[PDB]
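Shown next as structure tokens: one chain only, the form deposited in one PDB entry.
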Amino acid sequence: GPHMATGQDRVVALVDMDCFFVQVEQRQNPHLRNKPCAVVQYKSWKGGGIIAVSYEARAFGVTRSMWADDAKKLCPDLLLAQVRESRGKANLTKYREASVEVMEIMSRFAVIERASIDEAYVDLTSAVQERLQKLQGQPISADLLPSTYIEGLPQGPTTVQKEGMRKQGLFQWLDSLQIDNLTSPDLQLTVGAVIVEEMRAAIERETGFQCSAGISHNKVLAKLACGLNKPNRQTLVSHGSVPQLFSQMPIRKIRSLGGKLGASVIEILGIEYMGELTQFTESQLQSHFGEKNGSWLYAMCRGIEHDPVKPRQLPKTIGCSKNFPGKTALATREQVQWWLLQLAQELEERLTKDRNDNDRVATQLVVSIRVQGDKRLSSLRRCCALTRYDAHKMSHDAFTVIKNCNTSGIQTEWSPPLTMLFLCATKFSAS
């Protein structure tokens, strides 16, 4: 009827840096540019664990979480950059500082939600509307969109080359555009995409880093759109593109469906693709997955989703962690204390930096451990008051709240051994 909300109220973008840690290393070491390379942690065991892979090394099948020694068998020319190590653990400061560079540039254009070290959602609804009153009724030239793909286009009688494809779809999209109607959702996305071109040009201009972006009407679609044409390209996913796109879209590819919920949707409903969800009533979906999940699934498979872009570029928690897999699991009281102290010393540096930059203090310390055999991330979390940014107090207090977990008759020893220590400062207060 005339009372159907199509989920086209917003223009939302998601910007994600291309092989981000690699780009940070490649900017600093020009010998690594335009080469198969990867960023690795801890060179001692099997060459180090790979955490980021350039697109040149991906062409050989090198992936994240692979051992560097194994990646070298797939790609003998692979160059490696090692993560900084401080206090016997990985130190990600260089990438956090690179991340702040990118976030501050994006923040100049619109309200952003920091979503990870290398990505942020952008709510462009206001910027698009303002622009719709300033760029006048002046048409949108294809030159304003030199790196944009229109998902689903070109269609019909028109190639062979990807940029030929990109242009043809953009041409079909822009020819079909009704610019005399400032409330066309498709025109709004187009203006959003122009804006995202400009903010991606600014990021590259001011940092050297390339990135990809999705532009659509909500966070889920924008994130999906972002990966469609990685790297160094952006993708507009219109409401109209959703039925064809979702008809062969595996369910696990949708944000929040990559885990157990996504698996249960597939197993319980007997489907493979996002589009098959539309044949179920909302009540049926709620009967299987809960009121909130069923409702979310019912709207989402029609391309509709209402999670807002939260105005937040600052983390809500600040944390330091280290895993101790296998025979490295911590098995004496001295080890636990020493590592807690190493974690607390890095955390104190980060928190002091945070308070000076951001006018806030953390008030609660969360201590998370994992014990050997437990396959869950955390086996146990406990908390106490974070009153002084003092590493020796924080490490001692963290020890106080977990020391009863030790079921060891001998007091020098720690049993069962700990496979993870994690200190997280939270409950930030205005200061």
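For every residue, the number given is its place in the sequence shown, counted from 1. Definition used throughout: the rigid core is the maximal C-alpha set that superposes within 1.5 Å between two forms.
Participant: Can you check if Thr158 is missing its coordinates in at least one third of the other PDB entries compared, counting only those that model the residues either side of it?
Facilitator: Across the compared entries, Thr158 is left out in at least a third.
Participant: Could you tell me how many residues of the deposited sequence sit unmodelled between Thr158 and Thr159 (none, 1 to 3, 4 to 9, 10 or more)?
Facilitator: According to the record, 4 to 9 deposited residues lack coordinates from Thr158 to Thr159.
Participant: Check the entry's C-alpha temperature factors for 64-72 and 374-382, then say which stretch has the higher mean.
Facilitator: The entry gives the higher C-alpha B-factor average to 374-382.
Participant: Determine, for stretches 420-428 and 1-9, which one has the higher mean CA B-factor as deposited.
Facilitator: Comparing 420-428 with 1-9, the higher mean C-alpha B-factor belongs to 1-9.
Participant: When the CA B-factors of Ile203, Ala299, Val111, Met103 are compared as recorded in the entry, which is the largest?
Facilitator: Max CA B-factor in the entry, restricted to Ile203, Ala299, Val111, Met103: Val111.
Participant: Sort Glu305, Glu349, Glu197, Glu267 by C-alpha B-factor from the entry and give me just the highest.
Facilitator: Among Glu305, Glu349, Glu197, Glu267, the highest C-alpha B-factor in the entry belongs to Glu267.
Participant: Classify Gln41 as lowest, middle or highest third according to the C-alpha B-factor given in the PDB entry, relative to its own chain.
Facilitator: Middle third, going by the recorded CA B-factors of the chain.
Participant: Pull the Cα B-factor of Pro315 out of the PDB entry and bin it into the chain's lowest, middle or highest third.
Facilitator: Highest third of the chain for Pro315's C-alpha B-factor.
Participant: Mind checking which third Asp18 falls in for C-alpha B-factor across the chain?
Facilitator: It belongs to the middle third of the chain when residues are ordered by C-alpha B-factor.
Participant: How does the C-alpha B factor of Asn404 compare with the rest of the chain: lowest, middle or highest third?
Facilitator: Highest third, going by the recorded CA B-factors of the chain.
Participant: Which third of the chain holds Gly240 when residues are ordered by C-alpha B factor: lowest, middle or highest?
Facilitator: It belongs to the middle third of the chain when residues are ordered by C-alpha B-factor.
The next section is about a form of this same protein that is not shown, the form deposited in another entry.
Participant: Upon rigid core superposition, which of the listed residues (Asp143, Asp359, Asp180, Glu267) is displaced by 2 angstroms or more at its Cα between the shown form and the other one?
Facilitator: None of the others reach 2 Å, which leaves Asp180.
Participant: Would one find the Cα atoms of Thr183 and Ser126 closer or farther in the other form than in this form, where their distance changes by 3 Å or more?
Facilitator: The answer is farther, because the C-alphas of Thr183 and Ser126 separate from each other in the other form by 3 Å or more.
Participant: Is the CA-CA spacing of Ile215 and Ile179 tighter or wider in the other form than here, given a 3 Å or more change?
Facilitator: Compared with the form shown here, the C-alpha atoms of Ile215 and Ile179 sit farther apart in the other form, by 3 Å or more.
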